[PDB]
Structure formats: structure tokens, C-alpha cells
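Okay, so here's the structure we're looking at.
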Amino acid sequence: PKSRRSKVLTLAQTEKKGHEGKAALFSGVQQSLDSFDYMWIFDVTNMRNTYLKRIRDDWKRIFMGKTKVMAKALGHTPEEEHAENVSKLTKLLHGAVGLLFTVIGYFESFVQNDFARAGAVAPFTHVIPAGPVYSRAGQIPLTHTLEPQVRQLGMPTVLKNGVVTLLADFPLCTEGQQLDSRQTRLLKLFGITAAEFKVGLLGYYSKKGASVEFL
Amino acid sequence: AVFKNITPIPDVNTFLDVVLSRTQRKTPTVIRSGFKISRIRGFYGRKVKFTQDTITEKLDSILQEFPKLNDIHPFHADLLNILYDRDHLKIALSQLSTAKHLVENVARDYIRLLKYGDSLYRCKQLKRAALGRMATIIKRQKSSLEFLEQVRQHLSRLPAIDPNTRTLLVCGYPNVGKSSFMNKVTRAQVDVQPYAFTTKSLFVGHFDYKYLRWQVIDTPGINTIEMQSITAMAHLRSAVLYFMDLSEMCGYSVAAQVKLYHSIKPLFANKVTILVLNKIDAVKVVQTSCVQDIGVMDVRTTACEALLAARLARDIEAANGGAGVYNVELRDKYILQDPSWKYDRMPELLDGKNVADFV
Amino acid sequence: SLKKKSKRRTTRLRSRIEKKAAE
Amino acid sequence: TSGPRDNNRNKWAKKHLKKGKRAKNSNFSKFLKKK
Amino acid sequence: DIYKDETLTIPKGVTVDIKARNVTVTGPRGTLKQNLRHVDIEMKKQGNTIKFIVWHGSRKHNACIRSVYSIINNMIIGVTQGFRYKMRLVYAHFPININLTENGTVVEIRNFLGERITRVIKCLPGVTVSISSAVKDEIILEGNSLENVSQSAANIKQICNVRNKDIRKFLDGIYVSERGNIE
Amino acid sequence: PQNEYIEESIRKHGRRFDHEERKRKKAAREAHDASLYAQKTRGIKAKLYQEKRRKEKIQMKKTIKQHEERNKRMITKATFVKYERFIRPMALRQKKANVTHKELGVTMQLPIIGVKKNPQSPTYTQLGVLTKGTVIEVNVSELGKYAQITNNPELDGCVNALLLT
RNA sequence: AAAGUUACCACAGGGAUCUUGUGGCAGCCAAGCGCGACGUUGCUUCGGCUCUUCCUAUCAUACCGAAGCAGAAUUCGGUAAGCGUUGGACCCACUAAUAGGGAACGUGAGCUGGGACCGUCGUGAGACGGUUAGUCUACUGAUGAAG
RNA sequence: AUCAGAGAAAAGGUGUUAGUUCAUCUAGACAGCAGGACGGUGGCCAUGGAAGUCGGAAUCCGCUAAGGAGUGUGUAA
């Protein structure tokens, strides 16, 4: 017939609407823009969905959809955009930022720790001790049942007597170095929460003031 | 049963393909219309007979491989019934035997019908008809092959217990240290896990003491595993080694262990009983510190006594040239005074006279 | 041939091939 | 059993040429050569 | 298609000449030579960019452009950084005795699975064999030619093959553990 | 050994070092293997792969379809038992016929009470030769009724008929 | 008074004279084009000794793949015809194994074993005859004139 | 075409070339990297036990950008 790569299929039956889903997200963003007040700009961070749900719990809803889709739907030109002076705000509006209604002090001060991801830089240089592996870097008061972790890790570990043993020490991360794929995977496996979620509240789209500060 | 020595049981589809391929590869497959009607009839009959023989041989081998439940020992039969539903296995074997008899009868009827064949098409149709009926019978007996294969795998993996010889049965509360004592006493290393009923199946290990061979058999903590342990202990000439957690570190109270031992006393009757007080540091009463691993050898010796009462040049050669390549010289290993004389040769016979025999 | 079998065919074989094509 | 054209046997013959042969035959030719 | 091209930017490697379809890449680490006479691809050299061009080529010949591009990139990586393969010895009962001769260009293996046969394997040119001191029973295969290094590793693994035994239980052998650059 | 001993061996020692990667490579390259197979193999084994692959596509297409809606002087023919000028072989003779009911759609093995009429020849009807299209009466007490033989007993080897009901 | 009938028919005469491994039947579906594939429901004279080669559709030998394949002994499946595939009476024992076939009348110019017509007497029946009628080449070695 | 070219037929082919139809696509096409892939809920049974993935019936749900009473591996679970 022809030389083409095979495409796999599954039986979840949970396919999103695609174009219709994007249109619904834009409509919800417009409704959020038309919401009462609080003029929030925050959707997600490196944190997990549970953290986002917990953050959204203390509100009366964070929603961005696709990045810059709401800005494109609103329109860069101020005439097309519902707000005022949105031409300069469109360039600033990027990433996972969305409207919400409840806060400012909690966002500024409270930053819950979370597992790090690739692309960042570790704040220290954690070193994995040799010999038997430690789940919490020797802080437990390390189970030997993690046999499948030896194969899944791919690091220089030998399954001796049903226990993963490291022939030589290998640091998980180094200070001043970007988090690699293996480093991020090891940090997620271990107890390395070298991350702190932040929020963006530079300006507020006031109904009357209409002053979105760039601070 | 425990002897195993049974060939793998293929699937129904695999068995049918194997039978057909064997018949095609072995029997000739070139019969033109120019041959006589008798030759055509003979060729079709030969193919049908070869297919029938192959099917019968495989079925007979499968039937013979599975041991008879009645002919097995009472302990082996009880374990097989508890573990693999011996009634279902007997039904499956009977169904396979009936299918084999039906296949042979179908082949005989087809052979008789083809003996009076008329033409090539009639012989070809008759040859196809017999093969399809045999294939239909083989396909019909599908689940029986899968059940037999699973039984064969379980039987092969099962241990070969020897209740006839002196044996020590260690049964009681789960993780009561009896398994640890059995692992220490015997060469076998029984796995121990925090979860209950870690040793689901029995583990048998040979041991030597006082120039005697003792078969240490562990049992699951006391369920299918418990029923198998009870069945094994019911018919076995062995000494009971019930262990009671003195420190109750096994999760079972001393009173609960005593009640279980009293209930199981009917199986332990007419045998030497040992009450092992486990975790002492943490029916003959013997204290064995499970945590401290102290007294296990003394308990084993006491149980054995109760049961008895109730009943270089090579290195140099290998380094130099290895075996079969190194020539060992006997001249060096001589007691001659002069080293030169020992290493030198002498004339055995000269001038028609044996110098060695005349000197 | 070169393969196992002669491409060239017997003259009576060609004709009966033509006959088989006809019917 | 394997025949004399066994590929491993030829490999093992090649290995043993430089172990129990070759040198002890070359100088053997040399000795009767200088003779 | 009329035009099908792949563009490669060259690192500080000195010479990337493709005269007579013979790539002779000279870098800081050394000089590697390969012949690409089996592919009918234009090799245009302009400044710091090399264009692999095929005009009016079929799909079978068009697939050669990327394959040529990768192997040239691989050897350029060799002359700049080099290739290093780390293999870990695996033994259950008999330790595997490994000795290196002619600075490692030939490896002879003994005491495998109790066998008295001395398996002698010679590495391909441009490869050297060393025994790592940081990790025990570790063999390091470093050189310039990635294909030669990988072929040498495959040859060692293929020679140390367990036969007639259950693979599920018998695990003795030599296998590749880490593949990458020298630095 | 005892029970799952390599399962004990896998637990306490581990798996083959590169088994997971080799099984991954084998799965990945299977597509090239199967395509290569479909072109090189010849003969009976090729025809088996042809039939097996055609079947697999059919079920696979259905499973996808089920996915979306969810989202000498002797008688040479078999017969039933001067006038008997010819010879009727005993082996060729049959006494039981597999009659399939029309409305019920169930095949029942009933005895051959007799032959009603053979359209091929009245002599065959007189001789009771079981042939295609012949009418034969069989007992229907457990279900006498007539039935037409829709098969060829001389070739199929069984008297497969359909009830006249 | 006889007449029809005979595929229950019998005795004479006249005319005519590619192959191999998948069961069938009846239904339910049934991609599709009234059929309808794969699936699903039922029930069940010939005959053999030697011999030569040849084919592989491989019994053994060589090497691989898979299987609860621990080892050993196996089973199944590939490449593979290089090399073999006995000795005696369904056996028997040896053996690594005692594989299946071709030479369309395998090798009967290698080899052997296990009448027709006519007549006559004749019911439903079979026998007692007269004629009769066959039909250089190749290979093995050996010399050998000669540019 | 490692058996090119000068009925065996139903089909098979990650062989090639053209088209025909239908789909997504700067609201970012596939592919690849970096992640999420959640909460009731371990829904309900089953049995040494199966927490989506021994198994049998349900197949609900709040949140979202999206997460199944789960695609398979895996786990005694």
C-alpha cells in the first residue's frame, strides 16, 4: 500500500471539542472579563492540579484556557477589545494567567511548596548516598519493596538481594545548573520541593478606574 | 502428580495446525487423475489414517501424562483436590477421552466410506469431510486443553514431598517464626513477608541430623492455603512443630494460639508434638527466641530425637599444561641416589640379552 | 526461465489457454 | 558432530596456530636451515 | 519533488571536505574518513553551512538525505567530542575475568559461566578499551567512530551469549549501560 | 523446585538487564517484520498468513465498528435399507439422518424410517438411495414426517437433510 | 373375450462409447455488492528384493526461535538434502536415526513371488464340442598420426 | 523482481505512482520535548487480596485547560 507510520487508538471516549472547546474557553474568558471585580490575572503555575483546585476553592474561578486565546478573541485593538488600552496589555498577557473572583496578601505571602520541574535551577546540590537507596535522604525514623523503581530509574543501581544498591554516589542536582530531565525525575521521585508558586497582580481592570498598572 | 515429566499442552488452534502440518509434511501430496481408482482411494485412505494416528497419539500422550487421582498417595490426592479442583480435572480428562474415542470412530467410519470411493472428486470430498470433522471435534474440546495446561504447570511447579521418610511438619499461626526456623534448619529459603499467609504453598526441605535424613515441611499459617496445610498434616508420618508466640509479636495471642493448637490436636494426634515458645527473648515445650535466633538448633535436635524415639599434583598439571595435554614424568618421582642416573635412561636389552634382567 | 519454470509455453497449452479464456 | 568445515573449528584452529604451532615450527625450520 | 535539501551548520571542526564524495573530517580530537559514494546526493559546501541536495529524487533515494546528514553529524560529533560506551559486567557465580592487550585494542574474556574457553574479541579501529576504577567490573569503550564503538560493544555482548540455558533465570553476560560523549 | 521459583528468582535477583529494552525493540520493529513476512514467504505457510491476516483485518474492522457505536453391478451411492440385482454396500448404507427443523432451526438425529421418492430415478427410489433432493420419511415423535435431502451423502459422508415443514 | 402396464424388471439384437491443510447441512448476524465475507447457533494379475541417481513435504546429525524452558531429558517451530537412515523373525532388539517420495505400467532385455467365434443339447438353468490366434550411439579405460 | 518482464483469485504487502472522498490546521498543523492526567472514590461487588487495570454489575460525578468508575504495563494489593 504505502510506507506510513501507524497511529494508535484507545477506548476512553473522552475527546475534547477542539475548536468548540476553544470557543467555549474564549466565551468563559469574556464572561470572566465581564465579571464583577477583583480583576485577577492568575491561572496555573508549576504546581499540581490539586494545588490549583485548593487555590480556586478560596474564591467565588481561575480560567485561562489556551494562552493568548482570550486576548486574540478580545482583540489587540482597543476598539475590538472590551477593556481600554488593551493594546499594551495584550503583549503583557501571556502564559497561564486567568481571571478569578473571591487574596492579594495570600498571593503575595503564602507560596505553597511543590515538586520542581525541568528547566529551573536547584537551590542547592543534593547528593544521593551510595549503597542502599534512601526515599527521604535518610530522614525516615527507606522501604526495600521498591524493586520496580530500580528498573524504572535507569540509574547505576543493581538489584542485590532484592534491594536496590548504588555502586557509586551520584548527586541528583547541582547548584547553578538547570534541572535536566533525569534530575527533575529524580527530584519528583524523592522529597525535593524546590519550588514556590507565584502570582501576577500587576494591574486591575477596574470598571470605572480602568487603570491596569504595569508595576 | 508431583513427578511432572509431562510435555507442554498446546492450545486448540496450535494443536490443530500441528496435526494438519504433520500430516501434510509426512504423507505424500501428489495424486493426479492419471492414477488408478484404487491408487486414488489408497492415497486418500493413507492421508486420513495418518491424520487419525497423529490425533490419537497426541490425545493418548496427553491422557497418559496426567496422573490418576486415585492411584496417587492420599496426601498428594488431597493436595491436588484442594489446590486444583480434582473433580473438575477428572471431568476434563474424561471429556478428552470421550473426544478421542469419537475422533477414532469418525476416522474409522470415514475410512470405511472411502474404501468404496468412486472418483477423484468423491475421494477429495471424503478426505476433506474427515479432516473437517476431526478439526471440529478438536476445536470443540478447547477449554479442556487450557484447563489441562494450567494443571500441568501447577503440578510441575508443585513440590515432590516424601511423607514416607522421617519428617517434621511446622504449622501454626502465620509468621510465628516456624518458617524462619525451617529456613534456618533446611537448605531451602522460604520467603517471609509481613502480609499474612506469605507462604501460600508448602515448602519441603531436606536436613541431616545424627546420620539421618529429615524432611522439614512448612505449612501456611492457620482458606485454601489453610485447607491444604490441614490436608497435608492429616496424612503424613511426621512430628508436629506447632509454634506459639510467647511474646505475641506475630499478631496472634498466646490464648488464641493455644485454642488453635487444641482445635488442630485431632490432626496432631498419634504424632510427636512440639510447642515452640517463639520470641521468648522478645507436646514438648521448647523455648526458641525468634527475635534472638536462639534455641532453634536445640528445638530441631529435640524434635529429631522425639521422632526417632517414636519411630598438589593436579594443580601443577592444570597450571602447566592442563589435563590431557601435560605429560607426567615418573622419572622425577624416583628414589635413585644420583639425580643424573635417575634422569638418564638405561639399555633394557642388548646383543640379544636383557641387560636389565642380567644385571 | 531463470526462476524455476519456463516462461515459454507449449503450443497446445497456449491454445487451451485461449479456449479457457473464451469460456 | 561438527565437520571439518565447522566455522568455529576453523576459528579454534586459527587460535591454536599461534599457541601450539607457528613459532616452534618456524625456529625448527631455522635450525635445519643454519645446518 | 524538484528540491529536497538538508542544512547542517559546522562546529569549530577544522576540515569538513567532501571531495569526491569522501568526507574527511579533521577536528580537534582527530581525523575521520568515510566514503559516501553509495548515495547520489549533492554535497554543497558554503561557509559554515553544508547542503545535502537531491533534485527529482524518488522517496527511496530521498530517505538517504537525512541518513547521510545524521552519519556526517555523528562523525563530526566524534572529531569534536568523541563517543564513550560504558558496559557493566553481570555475573551470578563465576566472576568474568577481563584482560586488555595492546592498550586495550583486543579484549580476551575468561572464567565466564565456568567455561575454560578464552574468548578473544578485537575492537574496530579508532576504539580503545579501558577498565574503570570509579566503578568495579566496568568496561569503557571510547573513540571517535560511533559506529565502530557501538559495533565493538555489540560484538562483545554477542560473544558473551548464554546458550541452552533459561534466560529468565541465567542472567550472566555483558551489556551496555551508558552511551554518550566524552565530555 | 517449589511453586513459582523463577518468580522467587526474579524477586531476589532481578530481571535480565536489557529485557525491557529488547522487548520494546521487538515490539517496535514488528511492523517491519510483518510487512517483510507478507512479501517473502511463499507456499502453504504464505497462504495461511494470507487467510490469517485477512481474518484479523475483518475482526479488527468490526472491533473498531463496535467502538464507534458505543461512543461389476453394485450401487455406488449411499442408500437406506430379482429385485436386488445390484449390490448395496453395508458401509455406504445409512440408517440415521441429521434433520434440521425449518421453524425451530435445530438439527436432530432421527432414524431413517424410509425413502419417500428419489427424483433422480424411481429405481433409486425403489432401492432407497439417499441422494440430493430425495424425499425421506423420518420419525418426528420426539420432535413421522417427510424431509428433503439438501446435501450429497456420497460426498459429505452424512445424511444432512432439512425438514419439509 | 382378452387388452393395457413394467425404472420390479430379466434374455438376445441394434445404436452410443490437473494435484497438497481446514466436513456438510440448516439458521442468527452480516463490511458490503436479493445475495452477502469473516464471525455465531445446532449434532455428528499386484508386490517386493537389489540397484542407480534425484526431490524435500527433515527421522538423525549442525545451528537458531519459543514454551514454567531450574539442570537433565523433552515438546513445538525455522534454515538445511552435506551426510547417513540397520540386523533378524504386528513385533524383536541394535542404532545418532531406522523420514516420506519420483523415475505414470520406477528399474519384468536388472530381478523374482501370489480366451473369442460358431455349433449342439438346453423352459424358468447350465454344459459339450468344430474353427480359431498371437511377429550406430553413450560410458569405462587403452593406444594414437599431427600445427 | 535474493524466482522482473517481453486457472490457482479470494486476498495479503511500513512496495511505488497518480488521483477520489472526508477530516483537522497561526484559536499553532502533526511529530517531538516540558508537564497535568485530579476530588468524592478503595463508587459496587468478588477473595488471603484486585485501591482503574484477580474478576462480576454500574459507569455516576465536582473542578477545570483536561483527566476514564480507566489505555495497557505493573502490584500479593
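By convention here, the chains of the C-alpha cells are called A, B, ... in the order presented, each chain's residues are numbered starting at 1, and ligands are numbered starting at 1 in the order presented.
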Given only C-alpha atoms, how would the per-residue table for chain E near chain D read, listing every residue at most 12 Å away with its closest atom pair and distance in Å to one decimal, sorted by chain and number, as JSON lines?
```
{"residue": "E:117", "atom": "CA", "partner": "D:12", "partner_atom": "CA", "distance": 10.0}
{"residue": "E:118", "atom": "CA", "partner": "D:15", "partner_atom": "CA", "distance": 10.0}
{"residue": "E:119", "atom": "CA", "partner": "D:15", "partner_atom": "CA", "distance": 10.2}
{"residue": "E:120", "atom": "CA", "partner": "D:15", "partner_atom": "CA", "distance": 9.2}
{"residue": "E:121", "atom": "CA", "partner": "D:15", "partner_atom": "CA", "distance": 11.8}
```
So that I have them on file, write out the residues from the current selection with C-alpha atoms, as a short mmCIF file (atom, residue, chain, number, x, y, z; two decimals), in the first residue's frame.
```
data_model
loop_
_atom_site.label_atom_id
_atom_site.label_comp_id
_atom_site.auth_asym_id
_atom_site.auth_seq_id
_atom_site.Cartn_x
_atom_site.Cartn_y
_atom_site.Cartn_z
CA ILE E 117 37.31 -21.08 26.65
CA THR E 118 39.21 -17.80 26.30
CA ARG E 119 37.01 -15.58 24.12
CA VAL E 120 39.19 -13.05 22.29
CA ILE E 121 37.46 -10.08 20.65
#
```
Open item on the list: For the structure I just gave you, how does DSSP split range 19-204 of chain A - specifically, which residues are helix (DSSP H, G or I)? Reply as a VMD selection string.
Closed with: chain A and resid 19 to 33 49 to 57 69 to 74 86 to 92 104 to 109 147 to 153 181 to 189
Open item on the list: Taking 6 positions as the minimum chain separation for residues in the same chain, which residues sit within 12 Å of range 70-83 of chain G when counting only C-alpha atoms (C1' of nucleotides)? Answer as a PyMOL selection string.
Closed with: (chain B and resi 5-11+14-15+17-19+21-22+58+61-62+156-157) or (chain D and resi 1-6) or (chain E and resi 164-170) or (chain F and resi 1-9+45) or (chain G and resi 54-56+58+60-64+99)
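Excluding residue 1 in chain H and any residue on its chain fewer than 6 positions from it, the residues at most 12 Å away by only C-alpha atoms (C1' of nucleotides) are residues 2 and 3 of chain C; 39 and 40 of chain F; 15 of chain H.
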Task: Non-local contacts of residue 245 in chain B (7 Å; only C-alpha atoms (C1' of nucleotides); under 4 positions in same chain excluded) as a PyMOL selection string - done: chain B and resi 176+249-250+252-254+277-279
Could you give me, as CSV, every chain A residue with an atom at most 8 Å from chain F, plus its closest atom pair and distance in Å to one decimal, counting only C-alpha atoms, rows ordered by chain then number?
```
residue,atom,partner,partner_atom,distance
A:11,CA,F:67,CA,7.3
A:13,CA,F:71,CA,6.2
A:159,CA,F:14,CA,6.0
A:160,CA,F:13,CA,6.3
A:161,CA,F:12,CA,5.2
A:162,CA,F:12,CA,4.4
```
Residue subset to file, keeping N, CA, C and O atoms, as a JSON list (two decimals), in the first residue's frame:
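File part08.json, as written:
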```json
[["chain", "number", "residue", "atom", "x", "y", "z"],
["A", 11, "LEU", "N", -9.87, 3.53, 23.85],
["A", 11, "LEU", "CA", -11.31, 3.44, 24.06],
["A", 11, "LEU", "C", -11.75, 4.25, 25.28],
["A", 11, "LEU", "O", -12.59, 3.81, 26.06],
["A", 13, "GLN", "N", -13.14, 7.42, 25.00],
["A", 13, "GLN", "CA", -14.31, 8.20, 24.59],
["A", 13, "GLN", "C", -14.41, 9.49, 25.39],
["A", 13, "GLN", "O", -15.49, 9.87, 25.86],
["A", 159, "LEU", "N", 20.14, -4.57, 41.57],
["A", 159, "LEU", "CA", 19.18, -5.21, 42.47],
["A", 159, "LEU", "C", 19.87, -6.39, 43.15],
["A", 159, "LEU", "O", 19.80, -7.53, 42.70],
["A", 160, "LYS", "N", 20.55, -6.10, 44.26],
["A", 160, "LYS", "CA", 21.28, -7.11, 45.02],
["A", 160, "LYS", "C", 20.44, -7.53, 46.22],
["A", 160, "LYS", "O", 20.07, -6.68, 47.04],
["A", 161, "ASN", "N", 20.16, -8.83, 46.33],
["A", 161, "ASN", "CA", 19.39, -9.40, 47.43],
["A", 161, "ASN", "C", 18.03, -8.71, 47.58],
["A", 161, "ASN", "O", 17.55, -8.46, 48.68],
["A", 162, "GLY", "N", 17.40, -8.41, 46.44],
["A", 162, "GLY", "CA", 16.10, -7.77, 46.46],
["A", 162, "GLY", "C", 16.10, -6.33, 46.94],
["A", 162, "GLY", "O", 15.02, -5.80, 47.24]]
```
Task: Neighbours of chain H in chain F at 9 Å, counting only C-alpha atoms (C1' of nucleotides), as a list in words - done: residues 31, 32, 34, 35, 36, 37, 38, 39, 46, 47, 49, 50, 51, 53 and 54 of chain F
For the residues selected in the previous step, produce a file with N, CA, C and O atoms as an mmCIF file, in the first residue's frame.
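Below is the file part.cif, written as the result:
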```cif
data_model
loop_
_atom_site.group_PDB
_atom_site.id
_atom_site.type_symbol
_atom_site.label_atom_id
_atom_site.label_comp_id
_atom_site.auth_asym_id
_atom_site.auth_seq_id
_atom_site.Cartn_x
_atom_site.Cartn_y
_atom_site.Cartn_z
ATOM 1 N N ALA F 31 6.304 -4.242 13.046
ATOM 2 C CA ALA F 31 5.636 -3.765 11.839
ATOM 3 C C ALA F 31 6.489 -4.012 10.600
ATOM 4 O O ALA F 31 5.980 -4.435 9.555
ATOM 5 N N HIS F 32 7.790 -3.731 10.689
ATOM 6 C CA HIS F 32 8.679 -4.048 9.576
ATOM 7 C C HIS F 32 8.792 -5.555 9.380
ATOM 8 O O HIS F 32 8.895 -6.039 8.247
ATOM 9 N N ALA F 34 6.465 -7.902 10.035
ATOM 10 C CA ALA F 34 5.254 -8.441 9.424
ATOM 11 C C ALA F 34 5.158 -8.069 7.950
ATOM 12 O O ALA F 34 4.800 -8.909 7.115
ATOM 13 N N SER F 35 5.460 -6.813 7.610
ATOM 14 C CA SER F 35 5.454 -6.407 6.207
ATOM 15 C C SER F 35 6.481 -7.195 5.406
ATOM 16 O O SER F 35 6.211 -7.613 4.273
ATOM 17 N N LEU F 36 7.656 -7.405 5.978
ATOM 18 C CA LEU F 36 8.651 -8.206 5.291
ATOM 19 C C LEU F 36 8.115 -9.610 5.109
ATOM 20 O O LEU F 36 8.246 -10.199 4.036
ATOM 21 N N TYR F 37 7.496 -10.144 6.154
ATOM 22 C CA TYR F 37 6.972 -11.506 6.095
ATOM 23 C C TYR F 37 5.963 -11.662 4.963
ATOM 24 O O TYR F 37 5.973 -12.663 4.236
ATOM 25 N N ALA F 38 5.088 -10.670 4.790
ATOM 26 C CA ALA F 38 3.998 -10.796 3.829
ATOM 27 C C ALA F 38 4.500 -10.896 2.395
ATOM 28 O O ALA F 38 3.770 -11.366 1.515
ATOM 29 N N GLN F 39 5.731 -10.459 2.134
ATOM 30 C CA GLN F 39 6.268 -10.452 0.779
ATOM 31 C C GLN F 39 7.223 -11.602 0.492
ATOM 32 O O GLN F 39 7.261 -12.088 -0.643
ATOM 33 N N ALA F 46 2.561 -19.155 3.410
ATOM 34 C CA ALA F 46 2.117 -17.847 2.936
ATOM 35 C C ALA F 46 0.598 -17.782 2.842
ATOM 36 O O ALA F 46 -0.014 -16.784 3.240
ATOM 37 N N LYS F 47 -0.029 -18.836 2.310
ATOM 38 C CA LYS F 47 -1.484 -18.848 2.183
ATOM 39 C C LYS F 47 -2.159 -18.859 3.549
ATOM 40 O O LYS F 47 -3.262 -18.320 3.705
ATOM 41 N N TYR F 49 -0.800 -17.345 6.259
ATOM 42 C CA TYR F 49 -0.670 -15.958 6.689
ATOM 43 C C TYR F 49 -1.665 -15.069 5.958
ATOM 44 O O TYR F 49 -2.210 -14.123 6.539
ATOM 45 N N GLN F 50 -1.910 -15.357 4.679
ATOM 46 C CA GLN F 50 -2.889 -14.597 3.910
ATOM 47 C C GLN F 50 -4.279 -14.722 4.519
ATOM 48 O O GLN F 50 -4.968 -13.720 4.743
ATOM 49 N N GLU F 51 -4.707 -15.956 4.793
ATOM 50 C CA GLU F 51 -6.019 -16.176 5.393
ATOM 51 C C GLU F 51 -6.079 -15.626 6.813
ATOM 52 O O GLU F 51 -7.086 -15.033 7.216
ATOM 53 N N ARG F 53 -4.282 -13.151 8.118
ATOM 54 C CA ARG F 53 -4.252 -11.691 8.119
ATOM 55 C C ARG F 53 -5.564 -11.107 7.610
ATOM 56 O O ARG F 53 -6.018 -10.070 8.104
ATOM 57 N N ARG F 54 -6.180 -11.750 6.614
ATOM 58 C CA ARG F 54 -7.483 -11.287 6.148
ATOM 59 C C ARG F 54 -8.516 -11.375 7.262
ATOM 60 O O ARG F 54 -9.322 -10.455 7.446
#
```
Task: Expected answer as an MDAnalysis selection string: chain H residues within 12 Å of chain A, only C-alpha atoms (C1' of nucleotides) - done: chainID H and resid 12:17 24:28 30:31 33:39 52 62:68 70:76
Open item on the list: One number please: CA of residue 217 in chain B to CA of residue 147 in chain A, in Å, one decimal.
Closed with: 29.2 Å
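Here is the contact set of chain E against chain H, at 10 Å and counting only C-alpha atoms (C1' of nucleotides): residues 58, 59 and 60 of chain E.
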Task: Residues within 12 Å of residue 142 in chain A, only C-alpha atoms (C1' of nucleotides), excluding chain neighbours under 5 positions, as a list in words - done: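 Here the answer would be residues 132, 133, 134, 135, 136, 137, 147, 163, 164 and 190 of chain A.
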Task: Shell of 10 Å around range 120-130 of chain F, only C-alpha atoms (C1' of nucleotides), local chain residues under 3 positions omitted, as a VMD selection string - done: (chain F and resid 75 to 81 83 to 84 86 88 92 to 94 97 114 to 117 133 to 136 148 to 149 151 to 154 159) or (chain G and resid 7 to 8)
Open item on the list: One number please: CA of residue 27 in chain B to CA of residue 51 in chain B, in Å, one decimal.
Closed with: 9.2 Å
Open item on the list: What's the separation between CA of residue 162 in chain E and CA of residue 92 in chain E, in Å to one decimal place?
Closed with: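 Rounded to one decimal, the two atoms are 12.4 Å apart.
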TODO: Go through B:236, B:322, B:338, B:75 one by one, measure the shortest atom-to-atom distance of each to chain E using only C-alpha atoms, and give the residue with the smallest value.
DONE: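 Of B:236, B:322, B:338, B:75, the one nearest chain E is B:322, counting only C-alpha atoms.
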TODO: Can you list, as number ranges by chain, all residues belonging to range 29-124 of chain A that DSSP tags as strand (DSSP E or B)?
DONE: A: 41, 63, 99, 113, 121
